[PDB]
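# Structural characterization, general
Spelled out from the first residue to the last, the chains are:
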Amino acid sequence: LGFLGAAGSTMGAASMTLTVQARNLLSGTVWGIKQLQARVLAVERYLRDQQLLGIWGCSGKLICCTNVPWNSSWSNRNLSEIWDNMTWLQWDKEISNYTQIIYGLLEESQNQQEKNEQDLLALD
Amino acid sequence: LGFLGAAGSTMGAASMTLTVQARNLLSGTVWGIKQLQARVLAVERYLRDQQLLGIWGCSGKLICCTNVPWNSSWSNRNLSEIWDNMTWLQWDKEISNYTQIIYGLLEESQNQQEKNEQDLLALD
Amino acid sequence: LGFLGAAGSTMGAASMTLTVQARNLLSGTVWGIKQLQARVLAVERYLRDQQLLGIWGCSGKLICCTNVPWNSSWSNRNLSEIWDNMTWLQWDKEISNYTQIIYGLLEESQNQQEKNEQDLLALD
Amino acid sequence: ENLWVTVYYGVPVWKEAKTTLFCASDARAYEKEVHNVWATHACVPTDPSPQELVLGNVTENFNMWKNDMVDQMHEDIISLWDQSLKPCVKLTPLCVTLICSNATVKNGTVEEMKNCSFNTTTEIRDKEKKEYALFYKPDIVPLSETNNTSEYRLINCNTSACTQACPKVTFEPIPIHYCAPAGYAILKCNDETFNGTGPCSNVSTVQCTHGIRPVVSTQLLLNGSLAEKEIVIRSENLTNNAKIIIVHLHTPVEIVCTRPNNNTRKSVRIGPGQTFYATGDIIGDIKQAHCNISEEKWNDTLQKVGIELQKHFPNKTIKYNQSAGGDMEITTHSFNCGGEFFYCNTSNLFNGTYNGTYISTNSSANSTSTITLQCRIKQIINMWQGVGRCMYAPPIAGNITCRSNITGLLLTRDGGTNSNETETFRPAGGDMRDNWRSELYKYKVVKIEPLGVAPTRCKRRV
Amino acid sequence: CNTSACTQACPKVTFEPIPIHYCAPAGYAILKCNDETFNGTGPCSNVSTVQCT
Ligand SMILES: *[C@@H]1O[C@H](CO)[C@@H](O[C@@H]2O[C@H](CO)[C@@H](O[C@@H]3O[C@H](CO)[C@@H](O)[C@H](O[C@H]4O[C@H](CO)[C@@H](O)[C@H](O)[C@@H]4O)[C@@H]3O)[C@H](O)[C@H]2NC(C)=O)[C@H](O)[C@H]1NC(C)=O
Ligand SMILES: *[C@@H]1O[C@H](CO)[C@@H](O[C@@H]2O[C@H](CO)[C@@H](O[C@@H]3O[C@H](CO)[C@@H](O)[C@H](O)[C@@H]3O)[C@H](O)[C@H]2NC(C)=O)[C@H](O)[C@H]1NC(C)=O
């Protein structure tokens, strides 16, 4: 399936082969400052996602359950309609509006959960 | 509290909102080579902390207990005087002298602890 | 032992002090675009190993057991002959041919293993 | 029985590979100004740190003629010289004719120079004035196809317009330290008997190479490093006689060169906001520039080279001859004596033969006696290609002396003769890589490959 | 012509003093002495932080 063969196929199909896309953030050697600009832009853009996914406690690579529940008003759908027939490529378009509150919740939930790993370790 | 609103407040207050400061190592688009230099410097400086904190086993984001004890000669204080009234900003100045031995201990302790994860898994 | 003093010594000796080599990916301040090119090249090269070792589930720093068994045809050796007398520096030369299948196995095994962390957590 | 694959990172493993390398220089040079010089102006300050660390046991191979580091140094030096010649005046009005007095002497045996006269622009574009300036003879070419004695021109204005070197920036050989970037390393062949190829017995690692002096000479190697043991001969090949053969001495030979003439600078204005410098007058009497070398020391040195060179020409003689003639920029030992580009006839040095037995420094008529060489001086210097070539070296007042050490030779060999032992060696040179290759024979760059694989008795916990 | 050759300023480019904002890069910060009685040295009493002057 390579770089984007999983696109269009169902979300169940695209749930696998994520590693093929994660491995594809290298390219190029340089003439002029334009290509060097491209290299630095790519590195910064990758680290943006890397250091942002990590803040949610998802250091376990690239599929990561979180404690936050799903507010059904966002989709108003059953798990079959979300997953069995739809594709990721349009699902991103459908979910595109609500992202800020979701990211804030994922930030704060792990921000407050992290201290409890100290609290349930200091008894000894 | 944003970038530095927690500064000056007590270390207990500043223990929270660490995620707000970790999320603030991204900026800029370029004219000339000076701004490009700034971008590369920022990326290298961030990765230095990222890849140095990791060697101490602290891949669990940004609060991380370890096994090395407090040599009381470093501060000569009770946990209340360190924490309940003092602020991080002056605490860094007070602790600024002793850092090399602390970093060496934090390196060697995890260097020798990591093999025991093999040793207590090779029995099977 | 520093940067490369462990070279030539046995693999058992070189198994320790890995942290000394991991800490040695910083250098330089710049005249001209050549040295800036060197900096960007170094950063990209480091991240290539960092984000490739991560795909194998080895976020536990830098020694990481995997579930893939060793096909004895690759070496045809006992654990004593591999480890007690040989050195890493020649072992890399000896193993240099077979790397593609090893990396593919190490990728696919963790790609299929990660979902079971959801499956053995969805019962609740 | 059961063994599972484990991945190690931070491994001590490497490959020899290509990369760009930093400058580096000691801290004392940074007291000086901008553009004076590149060792400060275009190169990073660096204490030679971290210090040298010897490796306890390494299996290693080397080759110094295929090393890319010397080619990188060549590229750096040429492209940096091109940058350094940018901010200075490019002359150009001096392509006007020179009417030069037709002096004649009864073979004075001291080069007279030619005193010339020409027109130059005053402080207005439109009004002109006559000027005069003494020029060294080799840089001045007759103009007419007929037998005219009156008119002349500069040797340039047929290839390109030369650029005056600004006197604010010097030419001294400040040492350069070459440092590899992060992720790479330099492995130093610490063996004392290494001869330029094959395996080394003893290796070390150093972050920054120490003390490379960019000093340029054609035949003799000046102010270089000294070998730890016998006077090793080095060559890429000896079936291919055309391969230049590099000799690296154990002990030095002192050489002192000087220009007794007391020249005086002149200031000639050339258009708005720039000046052309030339020799205005010679104070005192006229005399001859030269180089002096200790006599018995050179004799002993050239016999000591023979006892080592003997082995690869086993049954034959070690006999020496002058260079094979040709262009004066090729045949002569050319170097800079602190501002003046000397060109020395070396024929006094290389004349003799050896018969296999070492001989003492006695008897001696007087140990203070010295062999002397005769050298000319230029100002229009054509040395490298693609750098914008010709550069006009400005004059320097007073007198000069540049006492230095000879620490190597560059030689060339003729073909076989009559199945006879008198095949002879000649000085030669001109490919600058040979100069820098004599100092980089120790080092080699590597790339660290810190990720590796091996099995052990440890499944994953999952 | 006694010093150097002067260069005409092209009339297409002006000389008006358009304001400039100085912004520190990532990892850095600017602290603004918000005190109204500051006299060019010593300690400030009230401080703020701003990304761009
Ligand atoms: C190199 O050659 C140049 C010319 O090719 C020569 O420069 C000329 O030198 C003369 C002599 O100094 C200059 O003329 C002098 O100008 C002064 C001005 O105050 C006059 O007083 C002098 O008059 C006396 O000398 C004349 C003979 O030179 C007599 O004819 C006269 O009656 C007086 O006795 C004299 O005119 C002249 O200006 C320069 N020319 C230029 C272009 O500079 C220089 O001297 C030569 N140098 C060497 C080392 O050979
Ligand atoms: C200009 O010419 C004068 C005289 O012709 C030069 O003077 C000579 O300079 C050398 C420099 O090495 C002097 O060397 C001496 O060396 C001994 C050690 O052998 C030392 O003890 C002395 O203190 C001295 O430095 C030499 O004595 C001196 N005089 C003579 C007659 O040779 C001068 O060097 C020339 N200037 C330039 C810039 O070249």
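Residues numbered from 1 in each chain as written, not as in the entry; some residues may be left out. Chains lettered and ligands numbered in written order. Part of a larger assembly, values for the part shown. Heavy atoms only, no water.

Chain D is annotated in the PDB entry as Envelope glycoprotein gp160 of Hiv-1 06tg.ht008. In its Sequence similarities (unreviewed entry) section, the UniProt record describing chain D reads: "Belongs to the HIV-1 env protein family." (UniProt positions renumbered as here; feature names shortened; annotations may be inferred.)

With the PDB entry as reference, chain A is termed CH848.10.17.SOSIP gp41, source organism Hiv-1 06tg.ht008.

Residues and elements named next belong to chain D. As a matter of local geometry, ligand 1 sits amid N115, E131, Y132 and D281. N115 places a side-chain nitrogen or oxygen 2.3 Å from an oxygen atom of ligand 1. With the chains in place, 24% of the 920 Å² that ligand 1 exposes on its own is no longer accessible. Its residues assigned to classes, the shell around ligand 1 shows one nonpolar, one polar and two charged. (Near = heavy atom within 4 Å. Polar contact = N/O pair within 3.5 Å; in protein donor to acceptor, adjacent residues only side chain to side chain. Areas by Shrake-Rupley, 256 points an atom, 1.4 Å probe, with all protein chains shown as cover. Nonpolar A, V, L, I, M, F, W, Y, C, P; charged D, E, K, R; others polar.)

On to the sheet that holds strand 29 (residues 443-448) of chain D. Residues and elements named next belong to chain D. The five strands are arranged 2-29-11-13-3 in an open sheet whose pairing can be described as antiparallel. The open sheet is flanked by strand 2 (14-16) and strand 3 (53-54), the only strands paired with a single partner. Inspection of the sheet shows strand 2 paired to strand 29 by three bridges, in the antiparallel sense. Pairing of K15 across the sheet is with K447, part of strand 29. (Pairing = 2+ DSSP bridges. Helix = DSSP H or I, 4+ residues; strand = E, 2+ residues; numbered from the N terminus.)

Once that is clear, we can look at the nonpolar core. A:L47, C:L47, C:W56, C:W88 and C:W91 are the most contacted members of the largest nonpolar core, which has 49 residues in total. In terms of residue count, the dominant contributor to this core is helix 3 (residues 32-53) of chain C (five residues). Counting 42 residues, the second largest nonpolar core, distinct from the first, contains D:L249, D:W298, D:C344 and D:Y354. (Core = buried A, V, L, I, M, F, W, Y, C linked by side-chain atoms within 4.5 Å. Buried < 20%, exposed > 50% of the residue type's maximum accessible area, 1.4 Å probe, protein only.)

As a further point, take the state of the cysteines. Inspection of every chain in the model, using the stated rule, returns 16 disulfides over all chains. Each disulfide pairs two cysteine sulfurs, and for C:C58 the partner residue is C:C64, the sulfurs being separated by 2.0 Å. One quick way to see it: the torsion about the S-S bond of C:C58 and C:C64 is about -65°, and its sign makes the bridge left-handed. Note on C:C58: relative accessible area 4%, which makes it buried. For C:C64, a relative accessible area of 9% puts it in the buried group. Paired by a disulfide, D:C179 and D:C208 hold their sulfur atoms 2.0 Å apart. The disulfide joining D:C179 to D:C208 has a torsion of about 120° about its S-S bond and is therefore right-handed. Note that D:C179 is positioned in the loop between strand 10 (163-164) and strand 11 (184-189) and D:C208 in the loop between strand 13 (203-205) and strand 14 (220-222), a separation of 29 residues in sequence. (Disulfide = S-S within 2.5 Å.)

Once that is clear, we can look at the interface of chain C and chain D. Counting from both sides, the interface comprises 56 residues of chain C and, opposite them, 47 residues of chain D. Across the interface of chain C and chain D, roughly 4,800 Å² is buried in total on both sides, 67% from carbon and sulfur atoms. For the chain C face of the interface with chain D, the top three residues by lost area are C:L4, C:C65 and C:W88, together amounting to 14%. Remark: the boundary between chain C and chain D carries two salt bridges. With a closest N to O distance of 2.7 Å, D:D76 and C:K34 form a salt bridge. Summed over the shared surface of chain C and chain D, the number is 13 residue pairs in polar contact. Broken down by element, the residue count for the side of chain C that touches chain D peaks at nine residues, all from helix 3 of chain C. By residue class, the composition of the side of chain C that touches chain D is 35 nonpolar, 15 polar and six charged. The pairing of strand 1 (residues 63-69) of chain C with strand 1 (residues 4-9) of chain D spans four bridges and is antiparallel. The partner of C:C65 across the bridge, within strand 1 of chain D, is D:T6. (Contact = heavy atoms within 4.5 Å. Buried area = accessible area lost by both parts, 1.4 Å probe. Salt bridge = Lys/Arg side-chain N within 4 Å of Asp/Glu carboxyl O.)

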